[PDB]
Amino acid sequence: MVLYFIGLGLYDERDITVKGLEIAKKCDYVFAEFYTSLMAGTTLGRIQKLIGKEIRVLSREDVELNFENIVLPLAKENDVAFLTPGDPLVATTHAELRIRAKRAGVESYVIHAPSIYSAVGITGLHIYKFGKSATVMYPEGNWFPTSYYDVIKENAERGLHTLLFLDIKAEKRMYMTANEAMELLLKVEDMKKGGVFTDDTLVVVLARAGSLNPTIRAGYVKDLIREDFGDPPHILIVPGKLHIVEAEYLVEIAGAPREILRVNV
């Protein structure tokens, strides 16, 4: 008896690691959640087909409130897996579920899978130069979140890049676009006026990482804010000071304006 947290990867069902597939195939019960991220290139059926097991999908409430009532009981008598998009423990609160497993006497194992957190490397930006990350959250009611704006400011002060995860309302099938996140940011800048995010800010958009042809675009907010980046999911990145080879790659691979080649050192 054991519980496995198995990541499914960035885009489709083949983004699972071979390790994860052969372990998932021999589990007695398989559960999964698809609310922490969007795998735009597959379906439940295709995943079930690949793993050869029926998958029961859990909602945020089933997990956050009933994980120990729905999943853990089986794991005491059987080999159980819990599948998630990307890497199970990245920008989720799933790590705490391991604590629940322990206090229920269930041993758990983690099988990693490609994550958007490291897949940003395809933007050409040096991974080590990424600072603190943040999430753009949809304003709801009279509440307008803005903390992600300060993260950008503090990273950019240090010359660090900022990775911006975008909001998701899976049960409403709403996936925030980079365009939406740019609009939100311009609005917070008119409030705070820190010169952090303007029409002239260089940004990078990565859409559907993991697919064979993801959309990778770099340019000024004024030029990109109304551009079509294709289907979700999307992440937005606000680079800090660029190394020359970073700029080179943004121009050659992501279609950035030639002039960012001229780095002001």
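When you see a residue number, it is the position in the sequence shown, counting from 1.
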- Determine, for stretches 68 to 76 and 158 to 166, which one has the higher mean CA B-factor as deposited. 68 to 76
- Higher-B stretch (mean Cα B-factor, as the entry records it), 97 to 105 or 119 to 127: 97 to 105
- Note on the structure: For 209, 218, 236, 51, the deposited C-alpha B-factor is largest at 51
- Reading the B-factor column of the entry, which of 113, 110, 191, 152 has the highest value at its C-alpha atom? 191
- Task: Taking the values exactly as deposited, rank residue 185 by C-alpha B-factor within its chain and report the matching third: lowest, middle or highest.
- Result: middle
- Message: Among the modelled residues of this chain, does the Cα B factor of residue 92 put it in the lowest, middle or highest third?
- Response: middle
- Select lowest, middle or highest to describe the third in which the CA B-factor of residue 257 falls within its chain in this entry. highest
- Task: Grab the CA temperature factor for residue 174 from the record and place it in the lowest, middle or highest third of its chain.
- Result: highest
- Pull the Cα B-factor of residue 147 out of the PDB entry and bin it into the chain's lowest, middle or highest third. middle
